[PDB]
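Below, in structure tokens: the form deposited without N-[1H-indol-3-yl-acetyl]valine acid (IAV), a single chain.
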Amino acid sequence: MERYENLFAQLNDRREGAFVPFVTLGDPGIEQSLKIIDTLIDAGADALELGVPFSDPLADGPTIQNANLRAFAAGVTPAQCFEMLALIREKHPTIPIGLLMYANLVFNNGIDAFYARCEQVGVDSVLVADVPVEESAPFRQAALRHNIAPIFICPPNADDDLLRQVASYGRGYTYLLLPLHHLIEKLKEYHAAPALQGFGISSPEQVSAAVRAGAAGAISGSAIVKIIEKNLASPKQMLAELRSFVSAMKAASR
């Protein structure tokens, strides 16, 4: 499919940035997670980034560490996450769906088989958090064979060699985390997938700022999860607060 290509073309028509929330699948439970995700979409999310709970998320800070713990407390497994992904896609045919994965969960039952299941359930991209471009070949190849975009992080300490590699290897979008203008213009020069800024995006002004700097949009890596954490005792207030937040963040992409 071409879900990212179609989204960016549509956003470019409307002079609009993308806003992409992250949440952990199955946090704080499967049912509530499904409702959370439909609320994010209804409220204006342009795409989703979805985590699968993993025992040892060594690229994640405390907010997401705790989300994983909640999902494990609810007994959430990768198999259940894939059942969730199929249901999400069946409800929402055009929204790009990206996974944030740890390498062991991709490798566990075979790299090719993992990407084949992603294709079957309708996932569009996979970012493997602990696979640097240097180790990425079998992941990117399997992704592309199954019509999945492999997503790479361009970190704050990126050099030119890395920019060229990420530009060559990535698809869908570049996950942006040396001057910001430099990275963004260099990525465009090298024909990289459109850049989404993912560093500490927690307020509307940061969305506007990302677009102004020339990025195609912004990813909220943990702010959505923080709202879940804060509202655990009140499922209905949780949804209300998520709606208000996503609405505000999307409004800022204009």
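In this text, rigid core is short for the largest set of C-alphas that superpose within 1.5 Å between two forms. All residue numbers are counted from 1 along the displayed sequence.
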| property | result |
| --- | --- |
| RMS CA shift, core-fitted in 8 other deposited structures of this protein, bigger for 99-107 or for 121-129 | 99-107 |
| RMS CA shift, core-fitted in 8 other deposited structures of this protein, bigger for 57-65 or for 205-213 | 57-65 |
| Other entries omitting residue 178, at least a third | yes |
| Missing from the model but present in the deposited sequence, between residue 137 and residue 138 | none |
| 182-190 versus 39-47 - greater average Cα B-factor per the deposited record | 182-190 |
| Average Cα temperature factor in the PDB entry - higher stretch of 148-156, 98-106 | 148-156 |
| CA B-factor placement of residue 74, once the chain's modelled residues are sorted into thirds | highest |
| Chain-wide C-alpha B factor ranking for residue 125, given as lowest, middle or highest third | lowest |
| Third of the chain, ranked by Cα B-factor, where residue 91 sits | middle |
| Ranked against its chain, the third holding the CA B-factor of residue 224 | middle |
| For residue 165, the third of its chain into which the C-alpha B factor falls | highest |
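What follows is about the form solved in complex with N-[1H-indol-3-yl-acetyl]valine acid (IAV), which we do not show.
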query: Placed ligand check: N-[1H-indol-3-yl-acetyl]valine acid (IAV) in the deposited complex, overlay by site C-alphas, backbone/C-beta within 2.4 Å; finding: blocked
query: Distance check, residue 177 to N-[1H-indol-3-yl-acetyl]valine acid (IAV) in the deposited complex, heavy atom within 4.5 Å; finding: yes
query: Contact label in the deposited complex: residue 59 to N-[1H-indol-3-yl-acetyl]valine acid (IAV), heavy atom within 4.5 Å; finding: yes
query: Residue 220 within 4.5 Å of N-[1H-indol-3-yl-acetyl]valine acid (IAV) in the deposited complex, heavy atoms; finding: yes
query: Any non-hydrogen atom of residue 200 within 4.5 angstroms of N-[1H-indol-3-yl-acetyl]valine acid (IAV) in the deposited complex; finding: yes
query: Listed residue (97, 153, 121, 142) with a non-hydrogen atom within 4.5 angstroms of N-[1H-indol-3-yl-acetyl]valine acid (IAV) in the deposited complex; finding: 153
query: Sole residue of 111, 167, 127, 88 within 4.5 Å of N-[1H-indol-3-yl-acetyl]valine acid (IAV) in the deposited complex, by heavy atom; finding: 127
query: Answer range among 39-47, 59-67, 209-217, 185-193 for contact with N-[1H-indol-3-yl-acetyl]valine acid (IAV), defined in the deposited complex as heavy atoms within 4.5 Å; finding: 59-67
query: Sequence-ordered list of residues in 22-54 near N-[1H-indol-3-yl-acetyl]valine acid (IAV) in the deposited complex, where near means a heavy atom within 4.5 Å; finding: 22
